[PDB]
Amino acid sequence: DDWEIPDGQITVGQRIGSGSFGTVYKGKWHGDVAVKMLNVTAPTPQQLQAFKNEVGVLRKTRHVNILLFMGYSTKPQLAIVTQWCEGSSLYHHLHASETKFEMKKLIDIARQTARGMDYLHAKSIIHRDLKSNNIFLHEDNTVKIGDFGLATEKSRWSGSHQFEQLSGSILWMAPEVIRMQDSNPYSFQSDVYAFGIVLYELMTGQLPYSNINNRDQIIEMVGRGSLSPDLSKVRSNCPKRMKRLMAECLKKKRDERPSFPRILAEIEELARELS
């Protein structure tokens, strides 16, 4: 295969992070790359299948707003090679750094994120974990959507042990995803809900549910339909179109949420109005 990179070519440099996703390094290969390695010793069946699936998903993508897949290696380690992203995630900017973006820039971040997601859905790819920490602000001018924490081990059990491991994603999980009444409750429409929460973050500067003190309460109440983000907390310069669009993306009945083509078109119209 054309995207396999022979052993010896990549210089694997600094370790950036390790976790349930494997280990990510900065590397050199015709310039800067990121290298995600999924095993150290002989890979398990699970690891091999996770690697094959991730390469298969990524190889379907060629879009400016989706992390650029570049290649893979299989020996001595399973490795997925992509572009290097330079900067911080949207989550890090908004919630860890007190970055103060101008509204035109908040809308551009929304617009680029919507382009990437519209593209994914056109390629029949449900992201499954859209959230502001997976929206990379590369060189502070380009959004790159990735899945920067994809767990290699998948649980077999549709259960409440899942919520610990997915604690970093609870705020972006649609109500039907929380309730898990289907064995795989993820859809294009659950990605749209997550995008609604991102809109909330951009237009309020805050995470939803900031006054709820524990995750179990969020899980219970969002599941029951008794907790919803406080939309009144949008900043005074929030455009009217964004108030409407955010409420539509957060609709409790999944089939009432708008599609990404419609979301994108609305945000493109807004951006034109502000320019």
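In case it trips you up, residue 1 is the first one in the sequence shown, and so on. Under this definition, the rigid core comprises the largest set of C-alpha atoms superposing within 1.5 Å between the forms.
How do 215 to 223 and 48 to 56 compare in 5 other deposited structures of this protein: which one has C-alphas farther from this form after the rigid core is matched? Looking at 48 to 56 and 215 to 223 in 5 other deposited structures of this protein, the bigger mover is 48 to 56.
Stretch 80 to 88 versus stretch 120 to 128: after rigid core alignment, which one is farther off in C-alpha RMS in 5 other deposited structures of this protein? Taking the RMS over all superposed structures in 5 other deposited structures of this protein, 80 to 88 lies farther out.
Is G146 left out in a third or more of the other entries? No.
Look at the other compared PDB entries that model both sides of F188, then say whether a third or more of them leave it out. Looking at the other entries that model residues on either side of it, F188 is present in every one.
Higher-scoring stretch by recorded Cα B factor average, 167 to 175 or 180 to 188: The entry gives the higher C-alpha B-factor average to 180 to 188.
Select between 210 to 218 and 242 to 250 the stretch whose C-alpha atoms have the higher average B-factor in the entry. It is 210 to 218.
Among the choices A50, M70, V57, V234, identify the one whose CA B-factor in the record is greatest. Top of the list by C-alpha B-factor: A50.
Based on what the PDB entry reports, which of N133, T99, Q112, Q162 has the top C-alpha B-factor? That would be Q162, according to the entry.
Hey, what third does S226 fall into on Cα B-factor, ranked over its chain? Middle third by C-alpha B-factor.
Where does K75 sit by CA temperature factor within its chain: lowest, middle or highest third? Highest third.
Taking the chain's C-alpha temperature factors as the reference, tell me which third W157 falls into: lowest, middle or highest. Top third by C-alpha B-factor.
Compared with the other modelled residues in the chain, in which third is the CA B-factor of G196? Answer is lowest: the recorded C-alpha B-factor places it there.
Relative to the other modelled residues in the chain, which third contains the C-alpha temperature factor of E139: lowest, middle or highest? Within its chain, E139 is a highest-third residue by C-alpha B-factor, going by the deposited values.
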